[PDB]
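**Student:** Just dropping this structure here.
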Amino acid sequence: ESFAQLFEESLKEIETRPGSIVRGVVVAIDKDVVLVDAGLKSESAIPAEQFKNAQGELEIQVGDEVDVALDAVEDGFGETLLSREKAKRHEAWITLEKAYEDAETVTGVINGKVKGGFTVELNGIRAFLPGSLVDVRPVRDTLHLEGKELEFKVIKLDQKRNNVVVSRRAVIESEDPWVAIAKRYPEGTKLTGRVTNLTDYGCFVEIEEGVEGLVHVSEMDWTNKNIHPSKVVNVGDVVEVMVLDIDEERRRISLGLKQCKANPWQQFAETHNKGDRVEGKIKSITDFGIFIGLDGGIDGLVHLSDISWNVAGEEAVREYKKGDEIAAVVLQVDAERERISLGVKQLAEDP
Amino acid sequence: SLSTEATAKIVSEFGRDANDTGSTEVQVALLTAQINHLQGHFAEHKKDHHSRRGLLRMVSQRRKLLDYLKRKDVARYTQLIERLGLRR
Amino acid sequence: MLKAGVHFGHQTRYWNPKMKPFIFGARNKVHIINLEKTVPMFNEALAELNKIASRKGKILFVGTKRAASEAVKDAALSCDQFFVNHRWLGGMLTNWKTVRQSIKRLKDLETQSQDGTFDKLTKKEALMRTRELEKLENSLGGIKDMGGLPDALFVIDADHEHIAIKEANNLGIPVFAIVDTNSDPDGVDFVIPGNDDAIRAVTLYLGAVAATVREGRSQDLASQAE
RNA sequence: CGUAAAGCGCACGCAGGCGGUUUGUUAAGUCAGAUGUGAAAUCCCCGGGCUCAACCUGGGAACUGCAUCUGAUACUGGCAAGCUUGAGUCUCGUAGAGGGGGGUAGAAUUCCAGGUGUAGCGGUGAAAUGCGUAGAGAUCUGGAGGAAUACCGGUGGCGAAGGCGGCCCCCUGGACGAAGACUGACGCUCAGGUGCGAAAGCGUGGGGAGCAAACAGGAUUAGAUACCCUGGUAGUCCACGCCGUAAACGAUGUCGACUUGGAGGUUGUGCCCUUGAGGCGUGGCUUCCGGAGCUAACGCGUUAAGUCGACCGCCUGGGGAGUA
Numbered sequence: 003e004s005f006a007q008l009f010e011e012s013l014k015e016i017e018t019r020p021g022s023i024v025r026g027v028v029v030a031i032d033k034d035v036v037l038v039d040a041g042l043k044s045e046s047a048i049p050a051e052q053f054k055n056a057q058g059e060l061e062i063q064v065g066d067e068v069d070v071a072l073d074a075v076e077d078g079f080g081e082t083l084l085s086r087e088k089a090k091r092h093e094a095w096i097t098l099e100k101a102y103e104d105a106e107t108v109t110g111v112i113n114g115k116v117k118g119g120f121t122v123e124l125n126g127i128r129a130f131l132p133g134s135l136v137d138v139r140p141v142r143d144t145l146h147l148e149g150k151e152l153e154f155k156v157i158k159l160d161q162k163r164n165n166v167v168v169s170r171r172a173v174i175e176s264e265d266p267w268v269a270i271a272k273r274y275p276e277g278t279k280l281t282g283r284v285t286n287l288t289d290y291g292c293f294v295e296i297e298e299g300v301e302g303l304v305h306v307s308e309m310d311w312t313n314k315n316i317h318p319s320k321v322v323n324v325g326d327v328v329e330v331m332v333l334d335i336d337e338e339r340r341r342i343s344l345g346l347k348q349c350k351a352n353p354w355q356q357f358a359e360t361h362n363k364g365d366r367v368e369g370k371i372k373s374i375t376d377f378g379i380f381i382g383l384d385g386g387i388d389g390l391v392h393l394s395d396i397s398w399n400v401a402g403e404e405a406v407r408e409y410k411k412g413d414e415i416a417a418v419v420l421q422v423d424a425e426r427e428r429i430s431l432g433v434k435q436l437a438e439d440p
Numbered sequence: 001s002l003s004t005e006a007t008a009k010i011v012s013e014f015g016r017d018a019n020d021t022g023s024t025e026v027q028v029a030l031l032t033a034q035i036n037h038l039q040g041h042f043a044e045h046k047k048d049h050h051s052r053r054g055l056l057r058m059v060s061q062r063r064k065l066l067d068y069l070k071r072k073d074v075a076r077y078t079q080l081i082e083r084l085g086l087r088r
Numbered sequence: 008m009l010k011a012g013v014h015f016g017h018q019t020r021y022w023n024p025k026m027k028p029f030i031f032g033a034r035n036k037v038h039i040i041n042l043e044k045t046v047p048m049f050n051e052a053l054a055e056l057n058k059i060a061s062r063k064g065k066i067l068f069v070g071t072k073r074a075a076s077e078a079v080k081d082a083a084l085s086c087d088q089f090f091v092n093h094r095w096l097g098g099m100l101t102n103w104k105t106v107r108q109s110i111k112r113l114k115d116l117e118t119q120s121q122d123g124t125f126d127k128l129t130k131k132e133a134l135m136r137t138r139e140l141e142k143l144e145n146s147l148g149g150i151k152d153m154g155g156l157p158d159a160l161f162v163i164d165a166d167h168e169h170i171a172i173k174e175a176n177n178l179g180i181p182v183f184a185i186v187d188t189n190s191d192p193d194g195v196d197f198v199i200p201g202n203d204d205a206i207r208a209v210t211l212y213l214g215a216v217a218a219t220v221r222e223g224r225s226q227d228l229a230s231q232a233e
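Chains as they are written, first to last, in the deposited numbering: chain y, 3 to 176, 264 to 440; chain o, 1 to 88; chain b, 8 to 233.
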């Protein structure tokens with residue numbers, strides 16, 4: 003009657019829009035899809051990756067209750083935005099309590115600064131803070147035992163864009266984005282940003298209080314063109330990214346992501362690039378002037394036809410080595426620019 | 001363009017009061033004061049066709065109001081065209 | 008009453024304007040179906056189901072929806088009724104004259120492959136004839152035991168299986184569907200304004216229909232006769 | 001009457017046509033009856049006579065009308081008195097490449113004078129004609145003159161249409177909305193008429209950077225009165241007159257009413273927690289997609305090509321011909 007009308011305003015009263023009221027009971031689990039029912043229209047297609055805690059395995063069976071989020075309705079069929087963000091609000095509440103407490107005490111362990119402030123991780127999540135926040139004074143946790151246990155004492159938070167730098171060790175001690270866009274600027278300030286949508290040319294990681302970043306396709310990895318960003322990173326995930334460029338007009342901060350496994354390649358050039366170190370490597374495709382061993386984490390094109398034996402020109406590597414086989418090959422040159430290591434195979438015992 | 005003191009002067013001069021602003025003698029008097037004002041603007045400038053179309057518009061508006069007033073009350077029609085000064 | 012499943016209302020803005028009798032625009036720019044008018048229409052549907060199933064008639068259950076897939080098989084094999092849940096073939100009812108011998112291929116092929124030449128020719132031939140059986144099995148499996156034209160069609164989404172409705176309106180089958188807010192209640196005889204995309208809802212509506220069917224087929228008159 | 005033939009290029013506007021709503025009067029239109037008349041023959045009906053029929057003929061009906069008298073007064077019209085919804089006026093603002101006149105700014109192109117400097121420049125699909133050792137092209141400084149206003153620039157804005165883009169001033173038209181007041185049908189359309197009307201062109205007087213018909217030359221080609229290149233005069237610009245046409249196009253006359261939705265743009269405004277770029281409504285103009293309905297289909301679809309009403313323009317096979 004008005005039973006139903008009253009019933010409706012009752013059910014309005016006993017739900018809210020965000021991920022606040024822990025209401026969805028997990029009513030089917032299957033890898034790789036969780037699904038709940040928080041009194042909304044449909045049932046969420048939950049990833050498994052919003053629900054495994056800190057070492058990789060699941061924590062919640064049938065009947066268990068986490069709130070999710072809302073304010074977005076119907077993309078065709080379905081209901082939600084993920085409950086993991088839910089969690090962010092809880093983290094915010096604890097941070098507020100510390101600010102509110104006047105302080106917040108947990109554990110903060112910060113080994114190093116991607117962009118000038120040690121990284122602090124609380125429970126599952128890891129956050130990035132400005133450089134001062136990690137240490138109370140000039141103590142520096144580089145001399146501390148690695149990934150040490152303290153808490154976090156807050157140094158600085160940016161209040162809009164979420165960057166929090168927190169205080170390790172020293173227990174005793176106790264319009265809007267675009268005018269002053271010089272904070273994360275200067276050349277390469279690393280950031281932790283969640284990606285939003287990957288537009289087949291891009292990835293759109295954008296976190297720092299109402300901005301837009303791209304990390305488009307050219308860097309992303311250490312392969313250029315065949316990459317397809319959906320395969321290589323994620324959807325909705327907080328990553329390694331830094332600015333590389335901010336354009337004042339046109340409002341296009343052009344971030345990057347290759348500032349990572351670039352270092353691995355450098356190590357390969359070095360690590361085994363000290364002089365003439367020997368390597369056990371597997372060939373992948375012999376292209377009539379070489380053999381292309383490509384073991385050791387993405388180091389590209391290698392041994393030329395000129396060595397291969399103690400005969401120069403007549404050899405044709407398909408006749409002499411193999412397809413897909415691990416061999417003797419030592420380094421002989423790493424060229425830092427133009428990304429050419431040039432291994433060899435004549436360094437053996439025939440003469 | 002026919003400032004507010006001029007319009008209040010003509011409303012109070014031809015109407016009943018400062019509220020009877022929409023009667024026929026008042027509307028004819030405001031259109032006539034406007035036309036006789038714009039004759040100085042079309043004395044020079046000679047080519048403002050987009051404004052002269054507004055002039056011809058309020059000329060025909062004045063003529064249809066005078067045709068209504070001549071049809072209803074010939075007494076105030078003669079008092080208005082003789083008080084105001086028109087008819088070729 | 009939102010009894011146990013949550014069947015309150017739907018999508019946002021692309022409502023079919025023919026369903027102006029069932030709307031309440033909520034604060035989140037989402038429609039609320041009039042739940043105090045849903046229940047008389049649903050009872051007017053079940054009062055037809057007891058009649059045409061106590062006719063000993065055949066109900067055909069239709070819903071794919073990627074989520075109401077198993078609720079139709081589970082909630083329809085509990086009765087003696089028939090279902091289509093994976094893929095709706097174009098012309099299973101009005102071109103049933105040629106769907107018939109495809110059913111003969113399914114029954115006449117699992118007859119050969121439960122005991123007969125399911126190994127006698129080639130491992131590749133088992134990989135062909137078996138794959139044929141798993142292709143026809145979740146395409147004709149629920150309609151396999153029907154052997155006739157159905158007397159009713161219970162559609163769970165008019166907007167998703169609108170060609171099954173027009174299909175069984177070329178011929179004279181009384182269809183009825185639970186419609187969404189964006190669905191079209193034109194071919195549907197006994198419209199049920201509610202939730203199409205909730206697993207709770209396709210448990211609730213389809214479960215109460217399942218109660219009216221097997222509870223409706225006289226277990227009392229027969230007993231008396233005995 | 002969007003594309004088949006067919007919506008004036010767009011307006012104003014006299015005669016003409018049409019007209020919101022209430023009351024009273026009139027009875028002109030309208031309706032009803034009656035009388036006179038509407039010749040006879042002919043048509044039609046029911047009969048009769050020629051042996052039947054054709055034919056002749058009795059009686060009627062009809063002669064769709066006109067005039068007069070008597071009434072009816074719902075509608076239309078005439079007259080009188082109103083009413084406010086249609087229309088119009090006033091008080092506040094609001095946005096806008098709306099128009100006319102005047103002034104000014106920066107970049108660039110061209111030329112001229114000077115400096116540095118020397119062997120090419122320019123151009124093409126390739127080339128040549130052309131310019132350059134008389135110092136070109138480039139680079140710098142200065143000056144002159146003309147024209148158009150990058151970015152903003154927005155299936156954005158304003159205008160009846162044509163159309164209107166730097167910035168500032170002066171004179172000036174229209175639209176819109178909120179709250180009231182005022183007049184009281186003053187309204188819509190409009191043959192003839194009058195006005196405005198891109199570009200080209202014509203006349204008079206100026207001005208002439210860049211571009212560019214004609215024209216010259218080089219190519220291309222079988223030919224090339226062309227496309228391409230190098231030059232280059234009318235014209236493009238201004239002031240005053242004329243011309244009065246355009247694929248003047250939404251190929252859709254104007255005005256008014258009604259009839260499911262969605263996504264946007266732009267421009268006002270009201271309320272509330274402006275407490276946050278917030279939420280709910282409300283007017284105007286406009287873009288797209290689609291519903292019924294319509295259409296030969298394509299498509300149109302609340303800004304209709306849907307349902308209707310008022311008035312106007314136009315069409316009646318193709319060519320001859322929008323020609324004589």
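Backbone N, C-alpha and C fix where the C-beta goes; we use that ideal spot for every residue, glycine too.
What are the boundary residues of the beta strand (DSSP E) that includes residue 128 (chain y)?
**Tutor:** Residue 128 (chain y) sits at position 126 when you count from the first residue of the first sequence. 127-130 is the extent of the beta strand (DSSP E) around residue 128 (chain y).
**Student:** Pull up the DSSP beta-bridge partners for residue 423 (chain y), would you.
**Tutor:** Against the first sequence, residue 423 (chain y) aligns to sequence position 334. According to DSSP, residue 423 (chain y) bridges with y:430.
**Student:** To the nearest angstrom, report how far apart residue 143 (chain y) and residue 65 (chain y) are at their CA atoms.
**Tutor:** One-based indexing of the first sequence puts residue 143 (chain y) at position 141. One-based indexing of the first sequence puts residue 65 (chain y) at position 63. Between residue 143 (chain y) and residue 65 (chain y), the C-alpha separation is close to 43 Å.
**Student:** Note down, in chain order, each residue of its chain lying with its Cβ closer than 6 Å to the Cβ of residue 302 (chain y), except the 5 sequence neighbours on either side.
**Tutor:** Indexing the first sequence from 1 puts residue 302 (chain y) at position 213. Closer than 6 Å at Cβ, skipping near neighbours: 294, 295, 342 and 344.
**Student:** Compare the Cα-Cα distances from residue 178 (chain b) to each of b:100, b:224 and b:71 and report the closest residue.
**Tutor:** Reading the third sequence from its first residue, position 171 is the one you call residue 178 (chain b). Selected option, being the one with the closest Cα: b:100.
**Student:** In terms of residue numbering, what span does the alpha helix (DSSP H) encompassing residue 359 (chain y) cover?
**Tutor:** Counting from 1 along the first sequence, the entry for residue 359 (chain y) is found at position 270. Taken as a continuous stretch (DSSP letters only), the alpha helix (DSSP H) holding residue 359 (chain y) covers 351-360.
**Student:** Output, in chain order, the set of chain y residues within a Cβ distance shorter than 9 Å of residue 206 (chain b).
**Tutor:** Counting from one through the third sequence, the residue named residue 206 (chain b) turns up at place 199. Under the 9 Å cutoff, chain y gives 29, 30, 37, 39, 44 and 45.
**Student:** Residue 117 (chain b) versus chain y: which residues are under 7 Å apart at the beta carbon?
**Tutor:** Counting from one through the third sequence, the residue named residue 117 (chain b) turns up at place 110. The premise fails here: residue 117 (chain b) is roughly 28 Å from chain y at the closest Cβ pair, so nothing lies under 7 Å.
**Student:** If we count the other Cβ atoms within 10 Å of its Cβ and call it buried at 16 or more, is residue 400 (chain y) buried or exposed?
**Tutor:** Counting from 1 along the first sequence, the entry for residue 400 (chain y) is found at position 311. Result: exposed.
**Student:** Does the beta-carbon distance from residue 18 (chain b) to residue 189 (chain b) come in below 8 Å?
**Tutor:** Here residue 18 (chain b) corresponds to residue number 11 of the third sequence, with the count starting at 1. Here residue 189 (chain b) corresponds to residue number 182 of the third sequence, with the count starting at 1. Yes, they are a contact pair.
**Student:** For residue 13 (chain b), would you say it is in contact with chain y, using Cβ-to-Cβ distances shorter than 8 Å as the test?
**Tutor:** Stepping through the third sequence from its first residue, residue 13 (chain b) is reached at position 6. Yes, residue 13 (chain b) lies at the interface with chain y (some Cβ there is under 8 Å from its Cβ).
**Student:** CA-CA distance, residue 322 (chain y) and residue 388 (chain y)?
**Tutor:** Stepping through the first sequence from its first residue, residue 322 (chain y) is reached at position 233. Stepping through the first sequence from its first residue, residue 388 (chain y) is reached at position 299. About 20 Å.
**Student:** Over what stretch of residues does the alpha helix (DSSP H) that includes residue 105 (chain b) continue unbroken?
**Tutor:** On the third sequence, position 98 is the one that residue 105 (chain b) refers to. 103-120 is the extent of the alpha helix (DSSP H) around residue 105 (chain b).
**Student:** List the residues of chain y that residue 2 (chain b) touches, going by C-beta distances under 7 Å, in chain order.
**Tutor:** This structure cannot speak to residue 2 (chain b), because chain b is shown only from 8 to 233.
**Student:** What whole-angstrom Cβ distance do residue 181 (chain b) and residue 67 (chain b) have, given they're in contact under 8 Å?
**Tutor:** Sequence index remark: in the third sequence, residue 181 (chain b) carries index 174 (1-based). Sequence index remark: in the third sequence, residue 67 (chain b) carries index 60 (1-based). Their Cβ separation, rounded to whole angstroms, is 11 Å, which puts residue 181 (chain b) and residue 67 (chain b) out of contact at 8 Å.
**Student:** Which term fits residue 157 (chain y), buried or exposed, when burial requires 16 or more other beta carbons within 10 angstroms of its beta carbon?
**Tutor:** Position 155 of the first sequence, counted from the first residue, corresponds to residue 157 (chain y). Buried, by the Cβ-count rule.
**Student:** Alpha carbons only, please: which of b:112, b:63 and b:31 is nearest the one belonging to residue 148 (chain b)?
**Tutor:** Position 141 of the third sequence, counting from 1, holds the residue named residue 148 (chain b). Closest option to residue 148 (chain b), Cα to Cα, is b:112.
**Student:** Mind checking who residue 220 (chain y) pairs with in its DSSP beta bridge?
**Tutor:** Between 176 and 264 the numbering of chain y has a gap, and residue 220 (chain y) falls inside it, with no coordinates.
**Student:** Measure from the C-beta of residue 19 (chain b) to each C-beta in chain y and report whether the shortest distance is under 8 Å.
**Tutor:** One-based indexing of the third sequence puts residue 19 (chain b) at position 12. Yes, residue 19 (chain b) counts as interfacial toward chain y.
**Student:** Secondary structure at residue 283 (chain y), three-state DSSP: helix, strand or coil?
**Tutor:** Numbered from 1 along the first sequence, position 194 holds the residue referred to as residue 283 (chain y). In this structure, residue 283 (chain y) counts as strand in the three-state DSSP scheme.
**Student:** Apart from the five residues just before and just after residue 382 (chain y), which ones in its own chain have a Cβ nearer than 7 Å to its Cβ?
**Tutor:** Mapped onto the first sequence, residue 382 (chain y) falls at position 293. Excluding residues within five positions, the ones whose Cβ falls inside 7 Å are 370, 371, 372, 391, 392, 416, 418 and 432.
**Student:** If you compare alpha carbons, which of y:166, y:25, y:21 and y:397 is closest to residue 100 (chain y)?
**Tutor:** Here residue 100 (chain y) is taken as the residue at index 98 of the first sequence, counted from 1. Residue y:166 is the option with its Cα nearest to residue 100 (chain y).
**Student:** Taking C-beta to C-beta, are residue 94 (chain b) and residue 146 (chain b) nearer than 8 Å?
**Tutor:** Start at 1 with the first residue of the third sequence, and residue 94 (chain b) comes out as number 87. Start at 1 with the first residue of the third sequence, and residue 146 (chain b) comes out as number 139. Their beta carbons are under 8 Å apart, which means residue 94 (chain b) touches residue 146 (chain b) by this criterion.
**Student:** I need the boundaries of the alpha helix (DSSP H) containing residue 82 (chain o), first residue and last residue.
**Tutor:** Looking up residue 82 (chain o) in the second sequence gives position 82. Per DSSP, residue 82 (chain o) belongs to the alpha helix (DSSP H) from 74-84.
**Student:** So residue 21 (chain y) packs on residue 70 (chain y), CB below 8 Å; how close in whole Å?
**Tutor:** As a working mapping, residue 21 (chain y) is identified with position 19 in the first sequence. As a working mapping, residue 70 (chain y) is identified with position 68 in the first sequence. So it is a contact: roughly 5 Å between Cβ atoms.
**Student:** Return the CA-CA distance between residue 352 (chain y) and residue 428 (chain y), expressed in angstroms with no decimal places.
**Tutor:** Looking up residue 352 (chain y) in the first sequence gives position 263. Looking up residue 428 (chain y) in the first sequence gives position 339. Between residue 352 (chain y) and residue 428 (chain y), the C-alpha separation is close to 12 Å.
**Student:** Apart from the five residues just before and just after residue 148 (chain y), which ones in its own chain have a Cβ nearer than 8 Å to its Cβ?
**Tutor:** Here residue 148 (chain y) is taken as the residue at index 146 of the first sequence, counted from 1. Result list for residue 148 (chain y): 113, in chain order.
**Student:** Could you tell me the boundaries of the alpha helix (DSSP H) in which residue 33 (chain o) lies?
**Tutor:** What you label residue 33 (chain o) is simply residue 33 of the second sequence in a count that begins at 1. 24-38 is the span of the alpha helix (DSSP H), which, as asked, contains residue 33 (chain o).
**Student:** How many whole angstroms separate the CB atoms of residue 268 (chain y) and residue 155 (chain y), which I take to be in contact at a CB cut-off of 8 Å?
**Tutor:** As a working note, residue 268 (chain y) is residue 179 in the first sequence. As a working note, residue 155 (chain y) is residue 153 in the first sequence. The Cβ separation is near 31 Å, so there is no contact.
**Student:** Where in the segment 295-353 of chain y do unbroken runs of the alpha helix (DSSP H), each at least 4 residues long, occur, reported from the N-terminal end onward?
**Tutor:** Within the segment 295-353 of chain y, the complete alpha helix (DSSP H) runs of at least 4 residues are 318-321.
**Student:** Taking the beta carbon of residue 108 (chain b) as the centre, do at least 16 other beta carbons fall within 10 Å, making it buried, or is it exposed?
**Tutor:** Here residue 108 (chain b) corresponds to residue number 101 of the third sequence, with the count starting at 1. The residue is exposed, with fewer than 16 neighbouring Cβ atoms inside 10 Å.
**Student:** Counting only the same chain and skipping the five closest in sequence on each side, list residues whose C-beta sits under 7 Å from that of residue 406 (chain y).
**Tutor:** What you label residue 406 (chain y) is simply residue 317 of the first sequence in a count that begins at 1. Within the same chain, residue 406 (chain y) has close Cβ partners 375, 379, 380, 394 and 397.
**Student:** For residue 350 (chain y) and residue 288 (chain y), I'd like the C-alpha separation in whole angstroms.
**Tutor:** Locating residue 350 (chain y) in the first sequence gives position 261, counting from the first residue. Locating residue 288 (chain y) in the first sequence gives position 199, counting from the first residue. Roughly 23 Å separates the two Cα atoms.
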